[PDB]
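Enquirer: Protein chains in written order, with this note's numbering: chain B, 15 to 257; chain W, 655 to 898; chain V, 9 to 230; chain U, -4 to 245; chain R, 32 to 227; chain E, 554 to 757; chain P, 3 to 200; chain S, 6 to 238; chain H, -19 to 224.
Every residue, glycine too, gets a C-beta built ideally from N, C-alpha and C.
#1: I think residue 219/U touches residue 48/V, with their Cβ atoms under 8 Å apart; what is that distance to the nearest whole Å?
#2: In chain order, what residues of the same chain have a beta carbon less than 6 Å from the beta carbon of residue 161/R, not counting five sequence neighbours either side?
#3: By the three-class DSSP mapping on this structure, what secondary structure does residue 174/U have?
#4: Confirm, please, whether the CB-CB distance from residue 849/W to residue 829/W is below 8 Å.
#5: Is the Cβ of residue 19/U closer than 8 Å to any Cβ of chain W?
#6: Within a Cβ cutoff of 7 Å, which residues of the same chain sit near residue 71/R, ignoring the five residues on either side of it in sequence?
#7: Based on the DSSP secondary-structure assignment, which residues constitute the bridge partners of residue 39/P?
#8: Can you confirm whether residue 881/W, when its beta carbon is compared against all beta carbons of chain E, has any partner nearer than 8 Å?
#9: What residues in the region 91 to 106 of chain P have a beta carbon less than 9 Å from any beta carbon of chain E?
#10: Could you compute how far the alpha carbon of residue 50/U sits from the alpha carbon of residue 107/U?
#11: Nearest to residue 695/W by CA position, among 776/W, 785/W, 704/W and 799/W, is which residue?
#12: At the 8 Å Cβ level, is residue 798/W part of the contact set with chain S, yes or no?
#13: Using the DSSP secondary-structure output, state which residues sit across from residue 98/S in a beta bridge.
#14: Provide the residue span of the alpha helix (DSSP H) that contains residue 167/V, from first to last.
#15: Looking at the structure shown, is residue 241/U part of a helix, part of a strand, or coil, going by DSSP?
#16: Buried or exposed: which applies to residue 681/W, given that a residue is buried once 16 or more other Cβ atoms fall within 10 Å of its Cβ?
#17: When we look at the beta-carbon of residue 246/U and count the other beta-carbons within 10 Å, is it buried (16 or more) or exposed?
#18: What residues from chain W crowd round residue 64/P, counting only those whose CB sits closer than 8 Å?
#19: Along the region 58 to 89 of chain H, what residues have a CB closer than 8 Å to any CB found in chain R?
#20: Are the region 64 to 83 of chain H and the region 127 to 147 of chain S touching by the rule of at least three beta carbon pairs closer than 8 Å?
#21: Grab the span of the beta strand (DSSP E) containing residue 159/S for me, first residue to last.
#22: Over the uninterrupted beta strand (DSSP E) stretch that includes residue 16/H, give me the two end residues.
#23: Straight-line CA distance for residue 225/B to residue 211/B?
#24: Out of 82/U, 94/U, 77/U and 86/U, which one is the CA nearest neighbour of residue 642/E?
Put into structure tokens, the structure is as follows:
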């Protein structure tokens, strides 16, 4: 009886505690991230926190290059995050091989969501305590942001945020869009979109950032890449000469 | 390990009873009642639809009477979905027999096979038994008209008249009270309706809450005919027998 | 069989004859050699008929399921990749030779696939026993930037070269145009240059001509 | 490793109840309302697009899905479960039917296939029942239009009209009042829109409502011409605009 | 078929004819035998078109997944994958592949995987039916560290001869230049190379 | 050696005005030895008719198979299968044995119960469908049947006329084939009724 | 091959089967009974490949007896024959097929009529007034085509066989060492121990 | 506490222990004592064979794995049969495939790894036996102590079993002495019998009660029982 | 309720996996071991508690090599550590076989990582009872890594685990601050010996044996080798000296 809380079967209330607790794990790293769409690019921002002085900061990342065109940022423990990353990379490579074209961001998202849905129904597999935000500039849909959770749920966003203070970032972003009346950052360059992203990350979190406190990934037509401490610095300087 | 979450659906109670079978039967007892009556010139199958609404499409509906063969049909009491699984394998077994011996499957052989499948979920595999009890109504050139009944345990038996589902005790006494070996299909049709009429947990016994079927050997032919009554047909036979 | 594919300024067209044959005997005087993989991806096949037809439907089926799963239009390269890997797997035992064409979100495409699994790309292609008669025509009239009409003509002319000069080909010409922005239009029997002349006599027999031994009614109803 | 869960996770309790199926049904009860009305020349299925954030793009999330060109589905309950069920339903329509007979399956049989898939998740080892209830609407040459409901137990039933989810009891009652065997498709679409309004708390328009129909053949949605026998899919999802137009006549 | 890869000062060049035949018939006269398995790692295919295409497609897949996990692969690694497939499946394949890639640390490299599935790293390599006729010529005119223009000339002449004598070769001469600068496609028509 | 030439036999089908006809010979031999002159090659499931030439054991096996499949189809579909549908069932069933085929030459004939339209079709041993409107031929004397049909046939023949035409095609083709004949039966099919007649023919 | 003949008369089915078992250059046995009783009213004769022959017969025998005990009933001759055909039809497409030809003669107690089924190793079944397997058919089919009548008594049937057996002993190259005749009728199966000179 | 975390080997206790393994180790302690020690030329195994009744035999405790290797057991006899048989194969494989005698150090690694598997997967049980392995390979005399935990250690000498602690302290004392008994087997054996007796209490090592095995430089692993050990009692 | 800590893959209400956390306890209860990343290689060293004078000195080696360029050291359940290396060795062999080039350190890290994370996904397995420090020199530099029973791992300048992980980390941090230019292979070997001697105080009761190994582009040609003889004694002394 009391085991309806250890494995993925229903509780008398029709709930799945394990999936709920898996959601809890997604905040364990106390990191916040957000993604916004440009005119022809997609940007993802994520807090980078390196506590130990013995760590090689270059190896501490939660952003992944899934394929030449798809980037993915994870919110949750790194081991589950890397499991999700490897699978996604594999899934994307196979897709291109079997179907002859690059796996679209939303499709990989659905696929990863379906795999997650399964840990939600089969008892021997545990859910992954992570939330996956996928981004790219799809050849058919243009700038794209699709996020999946431990419930096997997924949807596309105009922009989105994830983490402990997800709500503050979300309402901040919501407000900006209620104002702009469009579903994207009307900017030609991605550099300005990256700036916009960092700017609002600051307002919403009420925190200042140094080049080593952030992690940035950008997606453009035919390519997704991550920025370097210096590329960020250049971004941080730029925003500084406006405030 | 997993052992922690295993219900062990196939073990004996200290009294030498099979827990799941006993609990599945308990489940069956709340299912719409199904009645089977065997006459000299045919068999009657009548069942009470559990739960209905004004909006339920009764014309396209079937939840209790299923055709297995052209000479065999069953009345269901329990989980409809569980029943369909068993019904389908039963339909295949009938066809393998036909393809093999070029003769329609004798009623008991089909019933025994289905019962053996159930018996299986009782002795191995760790799966729950099927929450289903069947009343089989068939005809073959070796025993003629036959009536059988099988339940979760995998046990089956033959009857002149029998019921499964809710209020079987009441229904059996009523049947054991007015049944006569020399009955006639039309008599059985009436006995059946009366019995259901007295055991129903509902207000009245209307046609929208029933399924009816008869397996007769239409004298003007020489072959066996199965007839699954249509809404209108049940509504008629309902007025005639005096239930209006 | 004679099947061809011709790309034009805004699409692609495929054509084929309509003769089906068992050895030297014509089994079907008007079969359809043009198959549909998806609404806008059409295929023409030569070789073991059952194989071209089965492989076309199998991949077509999976292409539909894939389209529903990805919420996107099927892409010719996908039909190409799925077809070839399948044929390759079977080392040539599935005698399917096809010319697959179509339009999708990425443009118009023209490919050919062989039983062993190799694929080709080009602006004009032909396969089958009529392959050479047709290619001769295509090699003599094809030019870059053909109009939809010029393409239909060129393709139609190629299939004719086959019908007339190849014994493994004949009867009618089926065409199918796939233009980048519109629906694909299938032209069953676009040409019918082989109508049988009226027979010299009628062979209708006087009733009672045939000697019957026994007669009876057959039961259809159950 | 290896799934060592080869025993059932759904079993009979002393009372005769199958807990997991009951609990699954409870999950369905918490779900957003969805319904279906059968007309004389079409069927309509509809539901509310309960967007989980104004930042989410509700279009990229269809609660109403096409299974075959003449069959659609909608649900109430756990969305993720529904999704994989649609994937499986679309595939079984091919593997178990189109690939054998060369024609799409009639509504009752496909429903039967789906139901089978769900029944198995009620008895197979190591799994939990699907936490959803579906409403499938379709049309086939020999059975005409039909509407079915498939529950977590794997049981299904045909309806003239019905509702599932949150305010199903209320909606069912409202339908019983307005339904008759002479409703035209447009009439049903209207009745549908009315029933759904009682179940929607906030905004009620063509962007918050998802509605589809099984009606006449749409040759314009076929993708090709040249084959007389191929007339187009009967399943069509209404556009945000098409909905609003009918809302002004609400 | 006549194909070759030549390393030179700035990187490497791959060339090939465009004729694929089934008997004496030219099934395709504009074939592109220069296949890309990675940005700056290409190959020349000879033997069974069905086999070499399948091989290449698998390799491309492997290098794509490899890149996802470990970054850009060395040309030596690409040649290792081809080898693994060719050697391990030697009984069912008829493939002769020339692998040529451009790395920044290793500049240009050429590997040849003949029928058996063995691997050979070389300054340049020739293969295909038509290659037999240019062994003498190529041995006599190849020089290490030639200039792009010199290399394009060497390949253009060598192949023009191969095409001249081997009926299984012909059509146009395609080339692919692989250097730090990027990737460049080159083509040469009969009217030009036939009169060299 | 050739599975399709061991037993012998032929089948032919034709369309007429609101009618269809399917006919076959009765021979079953083992090479030169005639064995049975009662081996009919036409069967029917509901109102759909199927004739099968080729290896006798496969003829029998396929019949038992399609009865099996059409029976389940009726139980699930709750209606009898139609000619068009059955033709597809036959095709997929044959192709399913692509690399170990049944050595048969099937022929389907019937009237679509809903559209009243006449329907016939033929298949090669691996399922390739041949859908002709006029006539389908099969068997060891197929060349002859093709010749007879192509000459004797004409559209919209009436039932009583289509009978003469089909019987004359079967009979004369059979008489130029050492492995066919030894009796024959013809089926005249209309929406409502079906007549079966045994023809009188050479017994050599 | 061996001689396997069968003839269905008015009220019975008679099965004649050669007694020789020859391997190469030597006739190893001259009293071989090439028959197995499947059920009290069903008899099966067989000829073919050395080992497959009996192994198959006994296998079918075992299955029919199992059916009989499970159902406490005797399958009709038609049913038993259909079962045997399917067994052979499965066999023909297996790794090593049973190369066996058989004649199944049985009396159908329900129809009260004798039945003769001929089935070859490919699973080819046909019901006949008279049948034969192998080279025998070449000289016995026209004989019977001439001297056979549906209303013949069991006695006329035995005379008919004797006529077949004589033709076989005159024109056949092999010495099949006579035949063993068995009668299947409403009263079961009995053997005619006196055919060596009847 | 413990009761909730000792149901199977796949469960860690809150303090990081694996009770099922520990209970396995407990079967060893309950097992009869056995001793191992080596010089630079030989390695010896001295084991006290235990008997049920006075009508029963004294269960063998030494098993030869190859001409150059062997071990002594303390705990579940069957498990030692299983493990020694495995070691016999590993030795056998080394010779047949590489024509190389298996290094005693490698034998240990193989034993550790085999034991470890039965401590990380559901359904299995740890081996309930301790093993002392001696052998002479290309690097001289060797002595290994094998515990079901998977831990294998190379020592100069040691003992396992009941009261094994006696012999162990004795050897830790005699160390400098016996380690130099090169070229003289009888002396190493005596030094072993003296170490083992340091764990007696119940009785005294008799003839059909003592069991000794030796291996070294020019001595193929051989077992001595009964009369053969009389000259050491 | 409770019991969330009895099955391995179960999420506790606060999103944790207690069995993995308990695995950590087994690690903290083990010997201390470290890794120091130098300017062109990495150094590994570990504490080897001397249970008795019976342990043949220098024999029971702990540091393990993978392929020819990787070194691995761990604290906790030793048998588990060997298991993990056996896997890494296969993982490496597989990689070399297909790609020819010996496996890059990062690539190797994830191989170990994914495998370890895998053992936190099912209740039919136990998590690894070891934290492992490993690294080497590859196509582009030296890399030091530490992997937890959770499967988590990161790149490190210096790393320590086991009983004296705090003393060690304290010491390592000093080094990191006082040497922004990078320590040298020769220097790191000594520094390593000291850190173990220091971190041995948390176990000052039992005597121990030192073990060092390294992989330096200049000192070992990029191959993993064990520090022996003179170089070892020289480092042992450098420690024995700064311990007073």
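Expert: Taking the structure as given:
#1: About 7 Å separates the beta carbon of residue 219/U from that of residue 48/V, a gap short enough to meet the 8 Å contact definition.
#2: Here the set comprises 33, 193, 197 and 200.
#3: Under the three-state reduction of DSSP, residue 174/U is assigned to coil, being neither helix nor strand.
#4: It is a contact, given that the beta carbons lie within the stated cut-off.
#5: Not closer than 8 Å to any Cβ of chain W, the Cβ of residue 19/U fails to qualify, so no.
#6: Cβ neighbours of residue 71/R within its own chain (closer than 7 Å, five residues either side excluded): 132, 133, 209 and 214.
#7: Answer by DSSP bridge pairing, in chain order: 45/P.
#8: Cβ-Cβ to chain E under 8 Å: no for residue 881/W.
#9: For the region 91 to 106 of chain P, the beta-carbon criterion of a distance under 9 Å to any beta-carbon of chain E is satisfied by 91, 94 and 95.
#10: Their Cα atoms are separated by approximately 38 Å.
#11: Of 776/W, 785/W, 704/W and 799/W, the residue nearest in Cα terms is 799/W.
#12: Closer than 8 Å: no.
#13: Answer by DSSP bridge pairing: none, since residue 98/S is not bridged.
#14: Under the DSSP assignment, residue 167/V falls in the alpha helix (DSSP H) whose first and last residues are 156 to 173.
#15: Residue 241/U falls in the helix class under three-state DSSP.
#16: Taking a 10 Å sphere around the C-beta of residue 681/W, we find 16 or more other C-beta atoms and assign the residue as buried.
#17: The question about residue 246/U has no answer, for chain U in this structure spans -4 to 245.
#18: Close partners of residue 64/P in chain W (Cβ separation under 8 Å) are lacking, with about 16 Å as the shortest Cβ gap.
#19: Answer set for the region 58 to 89 of chain H: 77, 78, 79, 80, 81, 84, 86 and 87.
#20: Taking a contact to require three or more Cβ pairs closer than 8 Å, the region 64 to 83 of chain H and the region 127 to 147 of chain S do not qualify as touching.
#21: 157 to 159 is the span of the beta strand (DSSP E), which, as asked, contains residue 159/S.
#22: Under the DSSP assignment, residue 16/H falls in the beta strand (DSSP E) whose first and last residues are 13 to 17.
#23: When only Cα atoms are considered, residue 225/B and residue 211/B end up about 14 Å apart.
#24: Selected option, being the one with the closest Cα: 94/U.
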